[PDB]
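Note sheet for the following structure.
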Amino acid sequence: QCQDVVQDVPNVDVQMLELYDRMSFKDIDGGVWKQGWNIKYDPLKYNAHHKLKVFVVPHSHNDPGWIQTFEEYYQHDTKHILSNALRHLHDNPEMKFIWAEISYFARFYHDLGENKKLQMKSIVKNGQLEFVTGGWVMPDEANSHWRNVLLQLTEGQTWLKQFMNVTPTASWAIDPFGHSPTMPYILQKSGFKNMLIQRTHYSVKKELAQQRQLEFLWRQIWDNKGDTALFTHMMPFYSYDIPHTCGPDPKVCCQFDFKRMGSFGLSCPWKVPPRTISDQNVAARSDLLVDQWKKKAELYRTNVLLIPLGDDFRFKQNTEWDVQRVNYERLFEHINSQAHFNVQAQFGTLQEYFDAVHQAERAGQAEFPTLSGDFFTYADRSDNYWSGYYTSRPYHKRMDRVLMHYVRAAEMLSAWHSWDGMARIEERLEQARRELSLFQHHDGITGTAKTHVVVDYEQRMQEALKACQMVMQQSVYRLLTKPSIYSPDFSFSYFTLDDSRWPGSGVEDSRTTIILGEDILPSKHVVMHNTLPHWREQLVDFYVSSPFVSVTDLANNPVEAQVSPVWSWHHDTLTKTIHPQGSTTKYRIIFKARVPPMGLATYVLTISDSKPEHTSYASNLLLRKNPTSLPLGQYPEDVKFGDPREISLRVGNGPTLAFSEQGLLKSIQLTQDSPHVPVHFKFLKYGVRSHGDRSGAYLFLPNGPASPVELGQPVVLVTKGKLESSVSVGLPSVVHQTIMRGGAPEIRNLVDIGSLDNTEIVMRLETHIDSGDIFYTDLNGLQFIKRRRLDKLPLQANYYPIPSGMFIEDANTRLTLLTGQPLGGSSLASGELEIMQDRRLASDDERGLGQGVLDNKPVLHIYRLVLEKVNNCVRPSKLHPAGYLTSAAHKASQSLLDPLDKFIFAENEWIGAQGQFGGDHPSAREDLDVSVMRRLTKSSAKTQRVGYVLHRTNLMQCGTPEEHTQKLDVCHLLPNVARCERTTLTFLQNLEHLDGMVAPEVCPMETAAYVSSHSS
Ligand SMILES: CCCCCCCCN[C@@H]1C=C(CO)[C@@H](O)[C@H](O)[C@H]1O
Ligand SMILES: *[C@@H]1O[C@H](CO)[C@@H](O)[C@H](O)[C@H]1NC(C)=O
Ligand SMILES: [Zn+2]
């Protein structure tokens, strides 16, 4: 029943990796269409029986923060554009306008009196104002996780369904810096029929236009059948502004932007201004414009022509509405009434355009090509590739992934019950979803906003994190307290969250210490949550006030623990070294938590006065010349010292890792008998060009290949434990840590680029894997796409988004690097992988930001590194454009994105405490996830509804029998189910009423949504 996503190479007309291999990329002057050619048309193509139908579609691009904050733009610009849109559309019935950004529309609509709300609904209802896409924002497509692209789409479309009674089926994405097939994937599963994109490489626009392949059915790279396909229109020219939307010649098009005559402080840089259309000039002006239109129409297959009309924060002034509308109405009246043009032009919406295109298709007038692949990495001109923003402001890129998971955890934990309105659960969840959704903006997560705007986004996300913690800790307290004893105050903190990796050590001493003592408090309850739908074990750590601490579960079974020191690293401006200080007042306890599917498990930490039986202590070795002592308060094991030397480590049965005398990995040995496979970590730096174009927040323009960071004689700390060992090294700008818990290691980098202007720090892996020019990166955490390094393209063009992982392989061996944050990366030579850590840029890169990137702050980046043998795996064939993770690599990714959550009970005694929740939840097959669980009704609703999004990835078969699991039916997760429906992914439309109230699982690479209904 399921399509095979590995063994059948789809046959498509345009496959982007194939196309890239053949294309030339030469940047030649095409004349007035600088990046194309002089377009020619046959004037007899259009006649009385076959007219060119032109839809002029007014629009206004509103960034939800960029050079101003969201609120500053809203106050200064967007409230005026929307207010005047309402008035001018109401007063002028044939005028049309499209609107994309629902965050702004919702901000506006709730400031409206009821009379204006009714006026607004009627212009939507009558088709004059039409929403396109309807997401909270127009998201970035490179760095964004698919889960947050769906979150934001849902947030906007749920608002529109509720308040406007509409759900867009056409998408408008004119500004993200390059485009991802994740978008048609999600849109086609959310009821969409059409989408439009703009920022694609100038060479690709040229290549597709030549073949009239700018409109295509965009299917996923593994889709043999074509059921994922979504009709897509790619705009043909450099910009979405009016000079680049009427036709190939911007000197002519600029004359039809009526806001550029002088009083608005805008002009035409091609030096010919617009002129008011009058009876005396209309024929001449019409001739000029129709000629542009007929040239643009040559690039497409039907007799229906899309002409966007708009630019940033347009349609603001009343006078601007008038100047655009009246001039265009004069042009339309003359053109439509002059038979010799054979054109019928009118204002239109995006849906009107698509509807007319498909009527032409149905009339047998055109057939469209099929296409798969992506549109990274974008260049708007010459060698200006937009790979910088895959890394810019990496602190916030990491914060995105943290908040992603905390939103999922808060919605899932609180979904199990209906809550009294006084608990304010819905209020806090809506704020969290909205601040996370806002940051998906293509100047948010991208790190392309001004410094004060980045501060706005961070403050909003911090409040979101606080709202998630409040919901989660209230939910835990209810789920784990005997019901007849449960006594909530909805404002109280029952638990606080403890997060080891955010903001992370060296970024903030945020972590509370559990304070225990014979004379104060003997013990403390802790609870772990597991948001994944399978049983999971994972080591968890806490800070405690004594090393003599032991762990039990709630059946009072001893649990094996390990105590280590708390080490922090310091730039000692006295000795000019970066070296570790051990706490004398705090220690770390580590143990394996075991947690049910989508469930909770409670443990207890108890103090004693001597070494507890089931707690071990790590040994610590500080490698450096000229050591000084390192006292550890009560820690029972003295630190040892040595000169720098190679070391090797092995935890459990896991691999054995060897390290250079500078504390960097050199090799991995998978098994006792197996070879020591060379795997070398190295840190290098890129600079900036001294003449020609400068790197900035968007552009990566290196002055040549990277050069090695000079390491000097760094201090190396080795901690060796039965449960966890690690090697940490203080390098310039980076504290680099390799952590071993018995499987693939975890890597943590505390990245502080300091005042190193015009530097980009890269972390590279050097191996002997014979990968050649092939490597794999992911798109939005959803799929892995095959990349080919091309020497015909400059270094920065071979950079791709690494939203969650990358790998290289040959016939026998693969190395996969999974990330806890989106960064930019590449494989610049056979056997290499590399990924940028941070970048500090003193110059602006001429894209409107008006600043470089000089606001860096310490960030803790996290990874997993998985070396595997793959000669037994069933892989796609050489011509297949996709790759797939193994089970180990997928679980390693899950450990970074969705770790166990840790809660510490906040008061002395928790009466009515329970050991576990969710013990009877089905433990689903490892490739299946419950991506979203969200209660969709408030408590007063008679019929409760709960939405689930189910996603199944596809894992390589490498011969692990690995079987027996339980079927997961989400519809029977809550009791008293009365109906089960399959829905669109936004939950807004029912697609199937399901027999037996049973939600079937989905196929590999498919994502489904279900809603269960419950009598209450
Ligand atoms: C290259 C021309 C400078 C831009 C003039 C006005 C802003 C155009 N539009 C803006 C531009 C950029 C980057 O170029 C994006 O970051 C914004 O999100 C976009 O709205
Ligand atoms: C919502 O739109 C539908 C179209 O499905 C229409 O029939 C209905 O009247 C609308 N509801 C309201 C409140 O107008
Ligand atoms: Zn924009």
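Rounded to the nearest Hz, the phi-derived 3J(HN,Hα) couplings of region 481-491 under the Karplus curve 6.51 cos²θ - 1.76 cosθ + 1.60 (θ = phi - 60°) are 10, 3, x, 6, 10, 3, 9, x, 9, 6, 9, where x marks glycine and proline. Toward the positive end of the charge dipole of region 383-493, with +1 on the Cβ of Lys and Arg and -1 on the Cβ of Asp and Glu, the farthest Cα among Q462, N384, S437 is that of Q462. With charges set only on the Cβ (+1 for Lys and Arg, -1 for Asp and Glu), what does the dipole of the chain come to about its Cα centre, in debye to the nearest 20? Its charge dipole is roughly 960 debye.
Can you grab the distance from the C-alpha centre of region 278-327 to the C-alpha centre of region 176-221, Å, no decimals? Answer, in whole Å: 24.
Could you sort 44-52, 710-718 so that the peptide with the highest average Cβ count within 10 Å comes first and the rest follow in order?
Numbers: 44-52: 12.3, 710-718: 18.8.
Final packing ranking: 710-718, 44-52.
I'd like to know which of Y635, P714, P655 lies farthest towards the positive end of the charge dipole of region 605-728, counting +1 on Cβ of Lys and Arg and -1 on Cβ of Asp and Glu. Working it through, the farthest residue towards the positive pole turns out to be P714.
Among 591-601, 135-145, how do they line up from the highest to the lowest mean number of other beta-carbon atoms within 10 Å? Could the numbers behind the result be given before it?
Values: 591-601: 21.7, 135-145: 28.8.
Top of the packing list down: 135-145, 591-601.
What the pair-distance distribution of region 921-1016 shows, using all Cα-Cα distances binned every 5 Å from zero, is 2, 14, 23, 24, 17, 9, 6, 3, 1, 1, 0 percent.
Amide H contacts under 5 Å for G310: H59, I242, restricted to partners 5 or more places along the chain or on a different chain, H placed in the peptide plane at 1.01 Å from N. State the answer as a single residue: which of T448, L413, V57 lies farthest towards the positive end of the charge dipole of the chain, with beta carbon charges of +1 for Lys and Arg and -1 for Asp and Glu, about the Cα centre. It is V57, whose Cα lies furthest towards the positive end. Evaluated with a Cβ-only charge set (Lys, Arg +1; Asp, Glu -1), region 921-1016 carries a dipole of roughly 680 debye about its Cα centre, given to the nearest 20. Relative to its Kirkwood radius, the Cα radius of gyration of region 1-382 gives an Rg/Rh of 0.95. Over region 144-221, Cα pairs under 8 Å with separation of 6+ residues give a relative contact order of 30 percent. Across region 240-250, rounded Karplus estimates of 3J(HN,Hα) from the backbone phi angles (6.51 cos²θ - 1.76 cosθ + 1.60, θ = phi - 60°) give 8, 6, 5, x, 10, 10, 7, x, x, 10, x Hz, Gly and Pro being marked x. Mean residue ellipticity at 222 nm, helices only, the chain: -6500 deg cm²/dmol; runs of at least 4 DSSP H residues each add -39,500 (n - 2.57), and the sum is divided by the number of residues.
Principal axis extents of the C-alpha atoms in region 383-493 (largest first, rounded to whole Å): 68, 20, 18.
Taking label points 7 Å from Cα along the Cα-to-Cβ direction, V326 and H49 give a separation of 4.2 nm.
Based on the mean of other Cβ atoms within 10 Å per residue, sort peptides 14-27, 448-461, 739-752 so the most packed one is first. Could the numbers behind the result be given before it?
Working: 14-27: 15.1, 448-461: 19.8, 739-752: 21.6.
Per-residue mean Cβ counts within 10 Å order the peptides as 739-752, 448-461, 14-27.
Along region 551-556 the Karplus relation, 6.51 cos²θ - 1.76 cosθ + 1.60 evaluated at θ = phi - 60°, assigns HN-Hα couplings of 10, 10, 8, 7, 9, 6 Hz to successive residues, with x for each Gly and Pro. Normalised by residue number, the volume inside the convex hull of the Cα atoms of region 57-123 is 80 Å³ per residue. Partner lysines whose Cα lies under 25 Å from the Cα of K685, excluding those fewer than 8 positions away in the same chain, are identified as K397, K450, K576, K666, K792, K857.
Can you pull the percent of Cα pairs in the chain with separation above 59 Å?
Details: 60391 of 515620 pairs.
The answer is 12 percent, as a whole percent.
Across every direction, the projection of the convex hull enclosing the Cα atoms of region 619-898 has a mean area of 16.9 nm². Amide H contacts of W172 (H built 1.01 Å from N, in plane; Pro and chain starts excluded): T133, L196 sit under 5 Å, all sequence-distant by 5 or more or on other chains.
In this analysis, Cβ positions are derived from the backbone assuming ideal geometry, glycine residues included, and neighbour counts consider all displayed protein chains. Only the coordinates and a few stated rules stand behind these numbers; no lab work does.
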